[PDB]
Amino acid sequence: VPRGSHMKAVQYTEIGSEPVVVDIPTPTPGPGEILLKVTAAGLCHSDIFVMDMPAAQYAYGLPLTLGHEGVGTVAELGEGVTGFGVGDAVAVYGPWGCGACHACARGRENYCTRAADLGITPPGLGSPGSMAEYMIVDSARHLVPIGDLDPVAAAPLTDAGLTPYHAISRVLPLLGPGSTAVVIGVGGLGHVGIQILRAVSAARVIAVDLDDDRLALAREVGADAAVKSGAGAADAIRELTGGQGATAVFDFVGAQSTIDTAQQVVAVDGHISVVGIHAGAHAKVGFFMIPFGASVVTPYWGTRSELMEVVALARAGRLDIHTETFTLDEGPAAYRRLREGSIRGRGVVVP
Amino acid sequence: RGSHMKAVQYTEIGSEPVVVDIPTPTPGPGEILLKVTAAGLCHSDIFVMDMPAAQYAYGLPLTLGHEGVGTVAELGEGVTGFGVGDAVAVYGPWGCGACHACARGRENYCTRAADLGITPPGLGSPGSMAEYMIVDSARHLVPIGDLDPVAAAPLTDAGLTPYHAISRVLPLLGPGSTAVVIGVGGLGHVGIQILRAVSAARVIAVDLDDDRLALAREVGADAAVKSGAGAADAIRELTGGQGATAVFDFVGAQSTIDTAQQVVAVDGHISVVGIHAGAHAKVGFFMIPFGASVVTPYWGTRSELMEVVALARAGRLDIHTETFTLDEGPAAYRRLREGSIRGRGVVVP
Amino acid sequence: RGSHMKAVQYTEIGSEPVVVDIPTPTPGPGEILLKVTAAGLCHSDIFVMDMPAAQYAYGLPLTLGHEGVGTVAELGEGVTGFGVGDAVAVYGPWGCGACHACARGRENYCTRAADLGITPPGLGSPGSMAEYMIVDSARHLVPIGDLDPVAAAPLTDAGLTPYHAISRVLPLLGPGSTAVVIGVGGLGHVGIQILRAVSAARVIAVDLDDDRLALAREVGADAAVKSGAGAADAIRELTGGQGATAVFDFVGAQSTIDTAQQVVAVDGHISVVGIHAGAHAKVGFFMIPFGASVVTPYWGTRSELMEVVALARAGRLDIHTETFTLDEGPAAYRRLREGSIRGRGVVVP
Amino acid sequence: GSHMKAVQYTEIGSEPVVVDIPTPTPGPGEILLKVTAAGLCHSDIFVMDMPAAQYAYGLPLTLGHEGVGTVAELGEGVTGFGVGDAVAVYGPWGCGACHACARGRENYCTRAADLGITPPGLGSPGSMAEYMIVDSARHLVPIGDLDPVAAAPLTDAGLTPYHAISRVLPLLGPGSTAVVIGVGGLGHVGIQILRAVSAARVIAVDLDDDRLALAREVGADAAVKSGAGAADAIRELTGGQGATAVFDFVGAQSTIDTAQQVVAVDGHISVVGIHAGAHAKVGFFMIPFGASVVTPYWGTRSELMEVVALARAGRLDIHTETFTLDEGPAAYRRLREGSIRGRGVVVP
Amino acid sequence: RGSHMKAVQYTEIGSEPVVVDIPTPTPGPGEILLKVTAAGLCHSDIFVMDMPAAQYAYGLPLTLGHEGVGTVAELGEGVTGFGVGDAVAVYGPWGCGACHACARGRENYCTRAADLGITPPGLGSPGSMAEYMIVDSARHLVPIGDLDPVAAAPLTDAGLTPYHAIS
Ligand SMILES: NC(=O)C1=CN(Cc2ccc(CO)cc2)C=CC1
Ligand SMILES: NC(=O)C1=CN(Cc2ccc(CO)cc2)C=CC1
Ligand SMILES: NC(=O)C1=CN(Cc2ccc(CO)cc2)C=CC1
Ligand SMILES: NC(=O)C1=CN(Cc2ccc(CO)cc2)C=CC1
Ligand SMILES: [Zn+2]
Ligand SMILES: [Zn+2]
Ligand SMILES: [Zn+2]
Ligand SMILES: [Zn+2]
Ligand SMILES: [Zn+2]
Ligand SMILES: [Zn+2]
Ligand SMILES: [Zn+2]
Ligand SMILES: [Zn+2]
Ligand SMILES: [Zn+2]
Ligand SMILES: [Zn+2]
């Protein structure tokens, strides 16, 4: 469906400004590229992060069509492109890579050692994004078929699904029967994390959050236990495990305090994944500051096969994110709502 | 036999060890008695003795020596698996044997060993630095065959420790990968040898000492650069700016840990093997590459120990030893303290 | 404790088992004595009893029962790490404890056991189908807390055996995988449940009996196929002709293996878990997809058994029991022959 | 199940939250109850309104000092209760071996401070959880087939007023007059108690006319609106002779002032209501001769069994509003805004 | 003593009985649990085994043996009229106890028994061919004193049936 010549989009146009709707030219797919008609485009707290970057630290980028969480159908194929038919429902894999280094050749393109130098950026974070009537994707490599899954349900999974899934997959061998996984932060990512831990592992899930509401929600989504986050959370958790320390801690908050709890509750030979972002917050990995053999990493999005697996969980009804639907023209309005945390789960814009 | 034996002991806090006379122990049921063939020293024996009285609970007196090698002297009851006169190495980090971690083969990460007050020989249990010692269980004995006991003693630590640190991420270290070893002291020295024997990875060494760097090349580092402010850059120049798959910090200083974070590749790995009270890696967004994982590993597994012995017997590992007598325990520790030992000190009674 | 006990025993080749009187055994040093709380019986008991005299060296008489649970009755000398009256299940496949294989977890694959004549209880050593049982080492007992010993018993084999077979290729069984289970009889039943619990793969059940199929659906199979010459194409129909990531053949018959070679995916896996003397996969070019690997797993590891226990304690494994009495031992073995027992038979003194 | 929901106070100045904790195990001498009702009370608000400054060694804390449940498992050696038995939890635990306790006045134990014997839900695990530990058998009183929901408030709002009255019951012969200040809440169970255990005249005093009218229906022989006109009003009703006993459940300086002006010679003032700072002023000519004042504390075990007996004989009725355990923190909010009719009770 | 017990059941249509080893029943309120002393076989228990899937209206499994004699092992709650160890024969054609026909002793002609699903021991209820047995009520036990159980068993049908026919 390329028909248009002109298309609607939401762009970040000026540093520190709010995003604005625009009428820009309808792109045309070059050789090797695919042009999608967008069916859903996701908001994310990551989006405010980049728009909150100061003018001092700004080099290049603008204008920028936002939206890294992209779903659509195939509109027009570029030269030489096969492996998709016009109409095929695809999700846009976010973390673009060179395709040619060792990492990309193992599926792990989110860890491409070349994207940096070659200035390969993801859609809606340096490349034209999903929040528009149409979109370009650089390679068929970056399309995952979703069949008849509702695009509104798919969009949030390209991040809120993939991100935690990758975090969990890094250590899924250690999450055998009898293991214990602590999920800190039952917001967007932690919500879907629990659902995941339930599908792919036999581990026992203990949830940690601030809000009382978030605790009972956690139990409903498959957490076997829930404690309140603070100075007391460490003890609270240990109490439950019979003082055994937890196999894996997935910290989807990523605050200093939450990292600190993670360290206090992680098992010997365990693992801590710092998934959420609070600038400056870090784990302190040194002797007698963390159990022996306890590994810590800040992982980053996910691999292609992982996103493929995410969709399978979705299609099998195993994942479910609370989704609230908006309109291209309400784009700015939606981002405003995001800033005030007046959205449960995930805002999704539908051209 | 004899009902008395010479032993080196840490007897009072903040004091130097001393040659003492104590009774020759007798092997309970399950236990094994060894005649010690070789008993190693390392700076780890120094780190413990430098704990202040303020933090002293219930340790002393303590026969020193975690690096244990010997020959089977007398089987306790029911023990089989070794005939008397068998050469065995004493596996260090003892565990319950019954927890999940122990049943996976990773005894060094036993979840109950702390609770049950199970401590390793020379760090809480009678050490190897004596004429005889008891091993609680035949589970903690590795046959070494005709391997030289003096050779084998360093390997129980200086061999096993780095082998573990490496094994943790050995799938990552395929051809085309770069591994950086910081601290070509005792551990680093054997680290390099292992890296060469078990992987095709490129090895870049980092150290303070010119001479250490030269010897790093000899044992098989492709390149060597000086530790310091500019070591990060130095490494990147060598790697065309690509950054290293794995970094094995055997120094463990804040400086080194810092260097390691500046040179680790995305999705790579840092392994903080050296102890410096208070030095830590800061793992957070934009303070380290995505996917780079950090860990402080602890000694090694029993299977690991067996593999180290195998490398040694095939002639693939090699550390310079300095041989002392029981009565030189104190002497040797002092030499160790001034760092006038190249490689590893080994007591032979 | 009395000087007598009964035991079900195979006393002569070709014979039937008999309830017999024999000395109650006493624990030596390192041994544990158990009051048997349950003693499961499986088809492989019938397998060994069917071996002819022609091929026979030694072994008689034999207390039957390789699936055993009990309570600690008396501790041998020097045996700590277990209270009297503790409920414990007995790790089946004993090994040396000192070989590389054992030092890793994988005792079931011990390289020495055959040479030192270390046989499993019920298969060359005093079994569980008796009032009292000797276990050689502590490391062969797994705590079961308050799990029902009658539930526990089939888990030591009908649980352990599939769990291991699946564990071997569990990383292949992510979302979107298909796992095929041929045989829903006893082992196969618990396999489905395991797959549901430790993976997210789709489960396709295959059997000869339609009532077993409908119960395979109950425990979590996403599809049922009838075993036969029609089974292969039907499985392909289910998978849109993509093939199955792994095929777990718990039947082990030539027709089942043949079925498996057809439906298995490229880079897939076949686990031949059931025994039919002679049945064998034909792994060679164009007779099986490229990268499809085949294995005959043997039983399982201590760590796995611990995990199998955790599942049951958490409610995720439910095998149907039919209990008999110690006197009824031979009766049950007759009932087992005529496929005449629902699920797993357990004897209970 | 090896864990259970529990309504806990986790950090000073915050709201309570339903968290998951280990289902405790009854030691030798302890009893495990499956809780069947847990009362909330304004006393619960008082404790969580204490500033961190005045806080040392409390948290976390399962709340709920008004407990009733069923015996779930008997600890070692504990004899004299059966599984399934319905019991109310005695609040103010004591040493059991000092004079005060040996007399049966556990609420007045002289060692309990020094032993850190704190009551359930005010320093020890409370009743607002699926299950409960009670330290010894002497702290359970059977309730038979009494509705636990009706029971629960009786462990505090029944016991507390009963003790207050019990202390001076000899003086409440026919012809005596008892004034009750503060009808809602404790004073509602007070009036009922007065009518059952005595034949005194009962004079209700409140601010809310609605509570006053329903105090009549429960056995108040007269009503008066609290204020600076309260004294005069009450004198008017006794012909100036004053009241034998004033039971002030409000506990304000205002109410205590009214009281001191209306009590009879050789009478008594029981200050049951807690208003920090509020105090009677007992000195010559600032109060009638022979008028005694006291701040009473909860009640005795015997007294509790008596309060149970009254309720089982249908002599005590208090309006309960049911909440769920999940609604623990929610209910605490409602109490905070005085929008609870009578006494709230959580049912796991 | 004995939480397990031996029994003989018809287990499914077409085939022949088997020696199943099922659980030892317990006497509910008003029931009596007997140690079986003798269990009779009859050409009755083979006419019921030759019923073709369709007609058969009992339900399996089915401990056989409607000719049953025993000793009082354990009394159920509030069951007076018998002591432990009393030698007793089992009255077969159980009835409601409440209808006119039952009120006259003729339980064998109970007009409710069919409708209320009351069925004779070993002919719809657990029978006598076992180590133990339950009798639903004390009214279905007839004392046999010192009569040889082996001799008594057949009477509960081989005697009673013609006796009634003749009476
Ligand atoms: N732990 C992670 O990888 C996260 C991935 N995203 C996308 C994203 C992309 C870029 C940034 C830049 O700061 C942050 C976040 C969503 C949540 C956290
Ligand atoms: N990183 C490790 O586990 C190392 C093993 N050893 C034995 C030992 C163990 C523990 C300590 C105190 O930490 C020191 C020494 C040798 C060097 C470091
Ligand atoms: N594939 C396996 O290892 C199985 C484990 N068992 C115990 C067993 C089985 C077969 C043998 C060889 O007779 C030995 C022991 C039960 C079924 C199959
Ligand atoms: N006057 C009393 O004794 C009261 C008993 N309680 C329990 C309570 C109350 C006050 C305290 C001190 O904060 C402690 C405990 C309920 C109402 C008033
Ligand atoms: Zn996002
Ligand atoms: Zn790349
Ligand atoms: Zn050392
Ligand atoms: Zn252990
Ligand atoms: Zn078996
Ligand atoms: Zn072995
Ligand atoms: Zn209260
Ligand atoms: Zn006292
Ligand atoms: Zn008959
Ligand atoms: Zn009738």
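Residues numbered from 1 in each chain as written, not as in the entry; some residues may be left out. Chains lettered and ligands numbered in written order. Part of a larger assembly, values for the part shown. Heavy atoms only, no water.

The record names X-ray crystallography as the way this model was obtained, at a resolution of 2.99 Å.

Considerations on the overall build of chain B
The test is simple: Starting at the N terminus, helices and strands are each numbered in turn, a helix being any DSSP run of H or I of at least four residues and a strand any DSSP run of E of at least two. Note that the radius of gyration is over C-alpha atoms, with the globule rule given as 2.2 Å times the number of residues to the power 0.38. In these tables, accessible area is a Shrake-Rupley quantity obtained with a 1.4 Å probe, and a residue counts as shielded only by the protein chains included in the view.
In terms of regular secondary structure, chain B is built from 9 helices and 17 strands. Against the globule reference of 20 Å for 349 residues, chain B gives a C-alpha radius of gyration of 20 Å, in line with a compact fold. Expressed along its principal axes, the backbone C-alpha trace of chain B runs to roughly 65 × 40 × 40 Å. A total accessible area of about 13,300 Å² is found for chain B, and carbon and sulfur atoms account for 53% of it.

Side note on the site of ligand 1
Here is the rule we go by: The cutoff for a nearby residue is simple: one of its non-hydrogen atoms must lie within 4 Å of the molecule or strand. The definition of a polar contact used here is a pair of N or O atoms within 3.5 Å, where within protein one atom must be able to donate a hydrogen and the other to accept one, and adjacent residues in sequence count solely through side-chain atom pairs. For this classification, the nonpolar set comprises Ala, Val, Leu, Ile, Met, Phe, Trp, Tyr, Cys and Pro, the charged set comprises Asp, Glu, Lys and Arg, and every other residue, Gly included, is treated as polar.
Taken together, A:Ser46, A:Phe49, A:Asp159, A:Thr163, A:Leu189, A:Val275, A:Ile277, A:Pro299, A:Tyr300, A:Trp301, B:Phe285 and B:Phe286 form the complete shell of residues around ligand 1. Each of chains A and B places residues near ligand 1. Taking A:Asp159, its side chain carries an N or O atom lying 3.3 Å from a nitrogen atom of ligand 1. Isolated, ligand 1 exposes 430 Å² of accessible area, and the fraction of that covered by the protein chains is 89%. Of the residues in the shell around ligand 1, the class split is 9 nonpolar, 2 polar and 1 charged.

Some points on the coordination of the zinc ion (ligand 7)
Residues and elements named next belong to chain B. Let me state the cut-off plainly: Each metal site is built from N, O and S donor atoms within 2.8 Å (3.2 Å for Na, K and Ca), and since water is not included, such sites may look incomplete. The cut-offs for exposure are 20% and 50% of the maximum accessible area for each residue type, with area from a 1.4 Å probe on protein chains only; residues under the lower value are buried, those over the upper are exposed, and the others partly exposed.
The protein atoms donating to the zinc ion (ligand 7) are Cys42 (SG), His66 (NE2), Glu67 (OE) and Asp157 (OD), with metal-donor distances spanning 1.8 to 2.5 Å. Along the chain, the residues that donate to the zinc ion (ligand 7) are spaced as C-x23-H-E-x89-D. With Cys42 in the loop between β3 (32–40) and α1 (43–49) and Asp157 in helix α3 (residues 149–167), this pair connects stretches of sequence that are 115 residues apart. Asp157 shares its class with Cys42; the two are buried.

Focus: the interface of chain A and chain C
Our working definition: Contact definition: two residues touch when any of their heavy atoms are within 4.5 Å. Buried area adds together the accessible area that both of two parts lose upon being put together, with accessible area traced by a 1.4 Å probe.
Contacts between the two partners involve 12 residues from chain A, matched on the other side by 12 residues from chain C. Each partner contributes to the roughly 830 Å² buried at the junction of chain A and chain C, and carbon and sulfur atoms together form 60% of this total. Its largest share of buried area at the contact with chain C, chain A owes to A:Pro177, A:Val200 and A:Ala202, together 46% of the area lost on that side. Put simply, chain A and chain C have 0 residue pairs in polar contact between them.

Side note on the site of ligand 2
The environment of ligand 2 is made up of A:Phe287, B:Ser44, B:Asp157, B:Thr161, B:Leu187, B:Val273, B:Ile275, B:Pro297, B:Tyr298 and B:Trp299. In this structure, ligand 2 sits where chains A and B come together, each supplying nearby residues. Between ligand 2 and B:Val273, the relevant distance is 3.0 Å, taken from a nitrogen atom to a main-chain nitrogen or oxygen of the residue. B:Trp299 is positioned with one of its backbone polar atoms (N or O) 2.8 Å from an oxygen atom of ligand 2. Alone, ligand 2 offers 410 Å² of accessible surface; in the complex the protein occludes 92% of this. Each residue belonging to the shell around ligand 2 can be placed in one class, and the counts come to 7 nonpolar, 2 polar and 1 charged.

Structural notes on the interface of chain A and chain B
Applied cut-off: Salt bridges are defined by distance alone: a side-chain nitrogen of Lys or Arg within 4 Å of a carboxyl oxygen of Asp or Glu.
The interface is formed by 32 residues belonging to chain A together with 32 residues belonging to chain B. The junction of chain A with chain B conceals about 2,700 Å² of combined surface from both sides, 62% of it contributed by carbon and sulfur atoms. When the buried area of chain A at its contact with chain B is split by residue, A:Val285, A:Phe287 and A:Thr298 rank highest and sum to 23% of it. Viewed at the interface, chain B and chain A are joined by 4 salt bridges.

Points about the packing of helix α3 (residues 160–167) of chain C against helix α4 (residues 187–198) of chain C
Residues and elements named next belong to chain C. Where we set the bar: Only C-alpha atoms enter the line fits that serve as axes; for helices the fit covers just the stretch in contact. Angles between N-to-C directions range over 0 to 180 degrees. Orientation is classified from the angle alone, with under 35 degrees giving roughly parallel, over 145 giving roughly antiparallel, 65 to 115 giving roughly perpendicular, and any other angle giving oblique. Each crossing is labelled by how the near helix is turned from the far one, with a counterclockwise turn of less than a right angle marking it left-handed and a clockwise turn marking it right-handed.
Close contact between α3 and α4 brings their axes to 8 Å; oriented N to C, the two are set at 50 degrees. Between α3 and α4, the angle falls in the class oblique. Judged by the twist between their axes, the crossing of α3 over α4 is right-handed. Each of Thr161, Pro162, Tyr163 and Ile166 in α3 lies in contact with α4, whose residues at this interface are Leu187, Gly191, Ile194, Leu195 and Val198. Classifying every residue of the contact of α3 with α4 by side-chain character gives 7 nonpolar, 2 polar and no charged.

As for a nonpolar patch on the surface
Condition: Patch definition: residues with relative accessible area over 30% and no salt bridge; like charges joined within 9 Å; nonpolar side chains (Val, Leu, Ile, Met, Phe, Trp, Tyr) joined within 5 Å.
Together, C:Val266, C:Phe285, C:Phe286 and C:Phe290 give the surface a local cluster of nonpolar side chains, amounting to about 570 Å² of exposed area. Note on C:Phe286: relative accessible area 74%, which makes it exposed.

Some remarks on the sheet that holds strand β1 (residues 4–10) of chain B
Residue and element names in this part refer to chain B. In plain terms, the rule: Strands pair, by our definition, only if DSSP identifies at least two bridges between them.
An order of β2-β1-β4 is seen for the 3 strands of this open sheet, with the pairing classed as antiparallel. Strands with a single pairing partner mark the edges of an open sheet, and in this sheet they are β2 (18–23) and β4 (62–63). By the bridge criterion, 2 bridges tie β1 to β4 in an arrangement that is antiparallel. The partner of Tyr10 across the bridge, within β4, is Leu62.

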